[PDB]
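K.L.:
This one is an experimental structure. Sequence first:
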Number of protein chains: 2
Amino acid sequence: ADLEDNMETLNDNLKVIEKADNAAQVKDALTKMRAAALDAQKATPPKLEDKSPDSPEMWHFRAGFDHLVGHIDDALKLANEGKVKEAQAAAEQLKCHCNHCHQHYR
Amino acid sequence: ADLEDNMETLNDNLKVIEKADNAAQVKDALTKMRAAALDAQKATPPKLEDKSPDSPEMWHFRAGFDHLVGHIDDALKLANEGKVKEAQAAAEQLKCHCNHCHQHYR
Ligand code: HEC
Ligand code: HEC
Ligand code: NI
Ligand code: NI
């Protein structure tokens, strides 16, 4: 799956979570988001073709995915506690990660 | 000044940026926030009062301030280039840094 497929999976499932009202719905959507984030985690965007792996910009780009995956994981644990509304609030806070990386790197 | 003082400074000046009557007040508020962030990085938050300086939690807490300072610096550069509306827009995005760290540790 390419970067665009992964990003639309992230986009759509954020809205599934908002639309949802039970724990299984939120868990399933976060699980889909986690897989999409992990899929996109390790590859290079266009605007960073000629960059070392440890260069500051690539470092921060990959750090963005790592941190998004951590907070998807944290939202998943709340869904697994049956804490639907907390997990929904955590998922909404994920939008910060989306915009931060986009403003840097897209 | 303690961590509560620093957070007041951050809260008041982030509002000042949103409400600034002139472009110069934006830069002044960013400058005060930068100092507040670096001071706060030297404190121990109450919810981590038992953790060693080497804990993963204290690491993420300190790192949040570095990243906040980095984006403050980006906004300062914009304000210093005369792109003060762009600086003000960037400053509004700093709220994500507040929300993220608070979700963990406030
Ligand atoms: C970097 C660390 C990113 C994070 C975190 C997120 N996104 Fe992203 N996204 C990124 C890039 C570099 C790109 C452009 C890729 C390209 O080749 O153009 C994108 C793109 C999108 C898109 C566009 C989809 C399309 O069909 O064009 C969307 C809808 C999108 N990203 C959404 C999105 C969401 C909802 C995120 C957080 C939950 C998110 N992205 C994180 C880089 C990064
Ligand atoms: C961690 C990396 C943080 C960042 C970035 C920001 N804040 Fe924060 N804030 C943090 C903690 C650990 C705490 C709890 C402090 C305590 O002693 O309990 C807070 C608290 C606040 C508060 C309340 C302060 C109080 O007197 O109780 C405010 C008003 C606040 N924080 C504001 C704020 C803003 C606007 C930030 C972004 C610009 C911001 N903080 C960043 C940790 C962190
Ligand atoms: Ni975090
Ligand atoms: Ni950044």
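P.N.:
Everything's here; your move. Numbering: from 1, shown residues only, chains lettered A, B, ... in the order given. Ligands and ions are numbered 1, 2, ... in the order given.

K.L.:
need the residues of chain A near chain B, please.
P.N.:
A:90, A:93, A:96, A:99-100, A:103 (CB under 8 Å from any CB of the partner chain). (Each C-beta comes from the backbone N, C-alpha and C, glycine too.)

K.L.:
check whether the longest helix along chain A contacts ligand 1.
P.N.:
Among the elements of type helix in chain A, defined by DSSP state H, the one spanning the most residues is helix A:56-80. Yes. Residues of helix A:56-80 contacting ligand 1 under CB under 6 Å from any ligand atom: A:61, A:64-65, A:68.

K.L.:
Got the phi and psi for residue A:20?
P.N.:
Phi and psi for residue A:20, reported as degrees, to the nearest 10, are phi -70, psi 160.

K.L.:
give me every residue that touches the closest residue to it other than its chain neighbours.
P.N.:
Leaving aside its sequence neighbours, residue A:20 sits nearest to residue A:26 (CB to CB, 6 or more residues apart in numbering or on different chains; 5.1 Å). Counting by CB atoms under 8 Å, 6 or more residues apart in numbering or on different chains, residue A:26 touches A:17, A:20, A:75, A:79, A:84, A:87-88, A:91.

K.L.:
Repeat that for residue A:61.
P.N.:
If a contact means CB under 8 Å, 6+ apart, then residue A:61 has A:45, A:48, A:101, A:104-105 as its contacts.

K.L.:
Okay, angle between the helix or strand containing residue A:15 and helix A:56-80 too, please.
P.N.:
Residue A:15 belongs to helix A:3-19 when assigned by DSSP states H and E. Per axes from the mean of the first three to the mean of the last three CA atoms, to 10 degrees, the angle that helix A:3-19 makes with helix A:56-80 is 30 degrees.

K.L.:
returning to what we had before: closest one of the residues of helix A:56-80 next to ligand 1 to residue A:11?
P.N.:
Nearest to residue A:11 among the residues of helix A:56-80 next to ligand 1, counting by CB to CB, is residue A:68 at 13.0 Å.

K.L.:
burial of the residue of chain A found nearest chain B, as a residue count?
P.N.:
Using CB to the nearest CB, the closest approach of chain A to chain B is made by residue A:96 at 3.6 Å. Around residue A:96 there are 20 other residues, counting by other CB atoms under 10 Å in any protein chain shown.

K.L.:
OK, contacts around it?
P.N.:
Residue A:96 makes contact with B:96, B:99-100 under the criterion CB under 8 Å, 6+ apart.

K.L.:
Out of the residues you listed, which sit inside helices?
P.N.:
Among the contacts of residue A:96, DSSP H puts B:96, B:99-100 in helices.

K.L.:
nearest to residue A:41, of those?
P.N.:
Nearest to residue A:41 among the ones in helices among the contacts of residue A:96, counting by CB to CB, is residue B:100 at 18.9 Å.
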